[PDB]
């Protein structure tokens, strides 16, 4: 069992994607997770993009867990340096048919009064009380309080290439972040047992958020665009 897809760009009314909240595909082929009006990103925005079909990460009959690899490119432009940009974007895996969670530092994937499990890779741009210096890459399991974190320097408005790989045999989730214009490379990895946190079928996708109104800073915002996205998974059992 091998499932996979690839998007060299995105088209409006992409029957393969499920857009939620502020998520929208622009006319020039990019997936804009958060609201951007007249070339300017706004605060109080949250949006998600899920692959329409569910993927099987493990099978209870054989006990086998799937291995997978996903690559995507994104760009974050931070027009307003002061006071502070927010909030960042994440690639995540969650149960199917879920609704956008709380915005702000929760990226729209965490919902307090109805928490659902999830594994996520974050690119955090705002420092919340539970965060180390930003920006940083973090591996999140059921919480936005990363199990592992690594700092990185953003290429404002530049393109970022990300590779996320998960090997079921070792349970290692490793992510690579590369900014081709700067030649910088960041790597982070951790052990995660999908079988232990997620159900057999899940949805994979992205989620982002800009500054929350509670911060009372309209400049607390930035863009969260996805330029391309390929995904492949293999379930031997």
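Positions refer to the first chain, counted from 1.
A.B. asks: When the Cα temperature factors in the entry are averaged, is it 123 to 131 or 108 to 116 that ends up higher?
C.D. replies: Looking at the recorded C-alpha B-factors, 108 to 116 comes out higher on average.
A.B. asks: Using only the Cα atoms and their B-factors as the entry lists them, report which of 169 to 177 and 29 to 37 averages higher.
C.D. replies: It is 29 to 37 that shows the higher mean C-alpha B-factor.
A.B. asks: Please pick out which of 192, 52, 189, 209 has the largest Cα B-factor as recorded in the entry.
C.D. replies: Of the candidates given, the C-alpha B-factor peaks at 52.
A.B. asks: Of 73, 99, 149, 153, which one's C-alpha B factor is largest in the deposited record?
C.D. replies: Answer, based on the entry's C-alpha B-factors: 99.
A.B. asks: Taking the C-alpha B-factors as the PDB entry records them, is residue 84 in the lowest, middle or highest third of its chain?
C.D. replies: CA B-factor rank for residue 84: highest third.
A.B. asks: C-alpha B factor of residue 205, ranked within the chain: lowest, middle or highest third?
C.D. replies: Lowest third - that is where residue 205 ends up once the chain's C-alpha B-factors are sorted.
A.B. asks: Lowest, middle or highest third: which one holds residue 4 when the chain's residues are ordered by CA B-factor from the entry?
C.D. replies: As the PDB entry reports it, the C-alpha B-factor of residue 4 lands in the highest third of its chain.
A.B. asks: Looking at the entry's B-factor column for C-alpha atoms only, identify whether residue 58 ranks in the lowest, middle or highest third of its chain.
C.D. replies: Middle third, going by the recorded CA B-factors of the chain.
A.B. asks: What third of the chain does residue 42 rank in for C-alpha temperature factor, lowest, middle or highest?
C.D. replies: Ranked within chain, residue 42 CA B lands in the highest tercile.
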